[PDB]
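Notes to accompany the following structure.
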Amino acid sequence: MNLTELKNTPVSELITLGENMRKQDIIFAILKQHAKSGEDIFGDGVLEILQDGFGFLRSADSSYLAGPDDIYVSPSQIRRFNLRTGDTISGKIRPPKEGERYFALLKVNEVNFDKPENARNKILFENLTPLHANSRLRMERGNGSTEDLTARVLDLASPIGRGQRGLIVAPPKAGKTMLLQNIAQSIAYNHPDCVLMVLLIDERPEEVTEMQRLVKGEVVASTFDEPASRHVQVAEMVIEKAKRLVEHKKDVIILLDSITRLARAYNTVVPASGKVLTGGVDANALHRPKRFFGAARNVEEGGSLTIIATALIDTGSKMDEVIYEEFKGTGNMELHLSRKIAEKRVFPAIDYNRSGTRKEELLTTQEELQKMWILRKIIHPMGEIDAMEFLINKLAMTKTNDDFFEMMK
Amino acid sequence: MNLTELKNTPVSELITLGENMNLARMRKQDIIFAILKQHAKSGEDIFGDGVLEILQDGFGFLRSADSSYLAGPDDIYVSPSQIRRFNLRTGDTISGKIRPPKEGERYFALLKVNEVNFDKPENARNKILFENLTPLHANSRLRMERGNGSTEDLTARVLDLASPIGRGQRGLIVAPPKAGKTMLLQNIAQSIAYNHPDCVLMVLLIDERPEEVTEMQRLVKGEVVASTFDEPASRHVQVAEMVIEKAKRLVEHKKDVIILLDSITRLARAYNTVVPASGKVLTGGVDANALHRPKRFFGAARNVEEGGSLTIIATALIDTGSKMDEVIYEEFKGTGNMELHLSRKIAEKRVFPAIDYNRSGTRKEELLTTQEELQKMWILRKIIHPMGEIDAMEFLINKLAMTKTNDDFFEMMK
Amino acid sequence: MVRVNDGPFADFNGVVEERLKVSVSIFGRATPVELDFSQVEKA
RNA sequence: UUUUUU
Ligand SMILES: Nc1ncnc2c1ncn2[C@@H]1O[C@H](COP(=O)(O)OP(=O)(O)O)[C@@H](O)[C@H]1O
Ligand code: BEF
Ligand code: BEF
Ligand SMILES: [Mg+2]
Ligand SMILES: [Mg+2]
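Protein chains in written order, with the entry's author numbering: chain J, 1 to 21, 30 to 417; chain K, 1 to 21, 25 to 417; chain W, 133 to 150, 157 to 181.
Here is the structure:
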């Protein structure tokens, strides 16, 4: 008998189940009747601690925003297990008493899919020792797929490891979103062990539904129908949840689209400092988004936080150049996409020379790196379009990059 | 029996040592506190140390390196009378006997100061202040070339030829993001640890990647103070101020200090963040009064005739699309006297070190080179100038790779 | 015929025209490069 | 806000 399980089941099954004993009211009455029997009730959600010291368990069906079925978590419970915003909580609950408006948490069974006692003893995210990415996250399916081309080129141009802090940088309509979707598919197939989250900020609503029905993971969104205030709050919840999972030695990946628009939202809510950078960006506005992107890191103790976010350039607005260059000096991987290549309908429209990854020797074998190095020396003299036409025709001849390398010989 | 020595030792050895005098449940900080108190009960002396920071009220505390010289729980109170006695000032490394806090107190107190800047306390009363030291151009060359025929040594060798570094230099590794500035600073740090172990090496990391902090502290043989981009600008400023004052104190003791700063452009941005608005803003969004403080920070680096020096090699950013960084870079160029430029064009061809030879250089390089060494570098620059950026580096690296040292390379030129 | 086991041209074969002037058949463009005697191995 | 940023 769980609250979110009742919220998921269709109304028809709920009405039948309640007769055996608005939809929100069906669930409420069913839960109360089960409480009358003396049987236990259960609920769950991600914790959000308010300023007063108490918190609520937000639900995914409300994008982790305030919801009618939110579960109150008392301050004493938060202090007992050192809970912090982002902690996924599951436990026994009770309907609200007279003069109350919320379900209350009686006992916490699970904190971050683990024993509550262990959440008292753990090393905090702020204290984890950072590292450059060690373990390679290979995107190439190898299934000889035509979509796989995007993954294969990615592996050659800008490898991705666990804890990477990368950017898919390109002008509007260059292929950033679909490239992020290609990455999401590659992650679900090649790395089902990783905890995949897709954060969509200030982007098209149809892409939200396209992404949640396409990726095998969790999708949190805040479309351009929403104000900047909402974008910020939602992103903060998601990033804190990632940090908690990393404290449990998990390999989390966040595909963010778009991080440029998230930075704009921060610039919208930031207190005016009396100093404004070129493009209309407050001098203090990029500190918060910089810490958000900089969350991504490799941990020596165990686990990692990867963030692959899309960024905008050549928008005519200098603000986006500032944001992009600031994030480049924060991260360590950029896959550039060219409008010139995309207008010729050449996909993936990847600017090979501008793309790249820092310390890529930590993510590649000795000979793989030597082969990529040659390949770059060969592609550099070519034009943006010529480079991709050349590379895609050569890769299309084989199923995998390994066979392509063997052809180079 | 020293506080920081107890903080360094693992908890296992601390619990065993304390049981010899239940500690398993309590936090490590408590193990140290209880152990220190018990030793004080015996009448035996206790000791502590740290860098001084004087508050506005006239008293100070001894900050610790494990807190990046910020406020810490184990900070040692230094009474105003102690500061006046030995003319102590913020940055002074202090070592002395300490006592646990009494009832109504929250801090360890300093009984007697044994050592002020690794020297006798009386000598700190009598010294010439940093503001009064007579400045000079760099005299003593700090040669970076290992000579071990290493492939990393290439970066050092080219550096020696393009922009020599002397004691008291005020230099900049200028380049766009991902051109090789940080790794070039790491190469410099290695060369300093091997060729100049006498110099006091400090590595200040401001607003840069966190993995580089741990990479640097496990790589360089020196002290590493950091304030990553996870930190606000306020923290960057305060940390940098502590480090620069500590350097000045050591130079007052005729020491040759070197500060490898990455990045000084971001430090300048932090100053612009906390500076009071003047109602006048320069090109790129930089307050008209914002660069005075960072300019004094970079300008601290100088050669002293009386003895010792302060060198600062800091990285700067260009071609970021943000005019602010061009302003900061050009302002620092008119403050310093050495710039090693790195080219994004060379770096994209995977040619390292990606050094822009023509743009690099050092002022008054005749004070840092022999007569014939300077003549050979001069000829070499005349030959490299007509070449393109990339062609210049490919040519020079292929020629240098033929020999182990620059001296043999010069003998080949004949 | 000659084999290259050092640098980017490692794991490749070729022929010495005349330091050794050995070209490597890479992609669909010959890359003539000069390797030392130890940088390459006889075929 | 304008100017400055340009
Ligand atoms: N001397 C070098 N040899 C090989 N690779 C280098 C060298 N210098 C830089 N690189 C490559 O460039 C990348 C970024 O260099 P970095 O020093 O971080 O530049 P910046 O500090 O200007 O951002 C590194 O991850 C490294 O792969
Ligand atoms: F218009 Be695209 F999504 F940047
Ligand atoms: F991105 Be580099 F460190 F300037
Ligand atoms: Mg898009
Ligand atoms: Mg760097």
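Cβ atoms here follow ideal geometry from the backbone N, Cα and C, with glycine treated the same way.
Any C-beta of chain J under 9 Å from that of residue i
i: W:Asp174; result: no
i: K:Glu155; result: no
i: W:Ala181; result: no
i: K:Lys326; result: yes
i: W:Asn145; result: yes
i: W:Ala168; result: no
i: K:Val216; result: yes
i: K:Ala280; result: yes
i: K:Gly150; result: no
i: K:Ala236; result: yes
i: K:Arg212; result: yes
Beta-carbon proximity list for residue i, same chain, < 6 Å, skipping 5 on both sides
i: K:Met415; result: none
i: K:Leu207; result: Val228, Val246, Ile262, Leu264
i: K:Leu136; result: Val307, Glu309
i: W:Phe144; result: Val136, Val162
Residue j beta carbon less than 9 Å from that of residue i
i: K:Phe301; j: K:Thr338; result: yes
i: W:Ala181; j: W:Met133; result: yes
i: J:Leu164; j: J:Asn409; result: yes
i: J:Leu345; j: J:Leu132; result: no
i: J:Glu218; j: J:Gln189; result: yes
i: J:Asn340; j: J:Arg146; result: no
i: J:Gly94; j: J:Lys249; result: yes
i: K:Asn142; j: K:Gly169; result: yes
i: J:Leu285; j: J:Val240; result: no
i: J:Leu222; j: J:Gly171; result: no
i: J:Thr314; j: J:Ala304; result: yes
i: K:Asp60; j: K:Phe111; result: no
i: K:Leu383; j: K:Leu157; result: no
i: K:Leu73; j: K:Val242; result: yes
Cβ-Cβ separation, residue j to residue i (assumed contact under 8 Å), whole Å
i: J:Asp265; j: J:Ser312; result: About 20 Å; that fails the 8 Å criterion.
i: J:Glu342; j: J:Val161; result: Not quite, the Cβ-Cβ distance comes to about 14 Å (not below 8 Å), so this is no contact.
i: K:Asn120; j: K:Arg299; result: About 22 Å; that fails the 8 Å criterion.
i: J:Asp69; j: J:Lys7; result: 6 Å
i: K:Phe50; j: K:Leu3; result: 7 Å
i: J:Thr231; j: J:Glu244; result: Their Cβ separation, rounded to whole angstroms, is 17 Å, which puts J:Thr231 and J:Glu244 out of contact at 8 Å.
i: J:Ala236; j: J:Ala357; result: Between J:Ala357 and J:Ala236 the Cβ distance is about 30 Å, and since that is not below 8 Å, they are no contact.
i: K:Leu320; j: K:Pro179; result: 7 Å
i: K:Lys336; j: K:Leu175; result: 7 Å
Own chain partners of residue i with C-beta closer than 8 Å, once the 5 adjacent residues on each side are dropped
i: K:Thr372; result: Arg144, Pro167, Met380
i: K:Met1; result: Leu39, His42, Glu47, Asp48, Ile49, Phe50
i: J:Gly18; result: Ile34, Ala37, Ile38, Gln41
9 Å Cβ cutoff, residue i in contact with chain W
i: J:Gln378; result: yes
i: J:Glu244; result: no
i: J:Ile382; result: yes
i: J:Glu125; result: no
i: J:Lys257; result: no
i: J:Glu369; result: no
i: J:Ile400; result: no
i: J:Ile57; result: no
Neighbourhood of residue i by C-beta distance below 7 Å, restricted to the same chain and skipping five residues each side
i: K:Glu376; result: none
i: K:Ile393; result: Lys348, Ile349, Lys352, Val354
i: K:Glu369; result: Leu377
i: K:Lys115; result: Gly99, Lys100
i: K:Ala159; result: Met147, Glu148, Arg149, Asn190, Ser194
i: J:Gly63; result: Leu55, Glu56, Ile57, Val81, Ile86
Any C-beta of chain K under 9 Å from that of residue i
i: J:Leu264; result: no
i: J:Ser346; result: no
i: J:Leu320; result: no
i: J:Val330; result: yes
Cβ-heavy atom distance, residue i to ligand 6, below 8 Å
i: K:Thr268; result: With respect to small molecules bound, the structure shown includes ligand 1, ligand 2, ligand 3, ligand 4 and ligand 5 and not ligand 6.
Worksheet item: What are the start and end residues of each continuous beta strand (DSSP E) run of 3 or more residues lying completely inside the segment 184–243 of chain K, in chain order?
Response: 203–209, 226–230
Worksheet entry | Complete alpha helix (DSSP H) runs within the segment 276–361 of chain J (minimum length 4 residues, chain order) | Those alpha helix (DSSP H) runs which fall completely within the segment 276–361 of chain J and span 4+ residues are 295–303, 326–336, 347–351.
Worksheet item: Can you list, in chain order, the stretches of the beta strand (DSSP E) that have 3 or more residues and sit fully within the segment 63–90 of chain J?
Response: 63–66, 79–81
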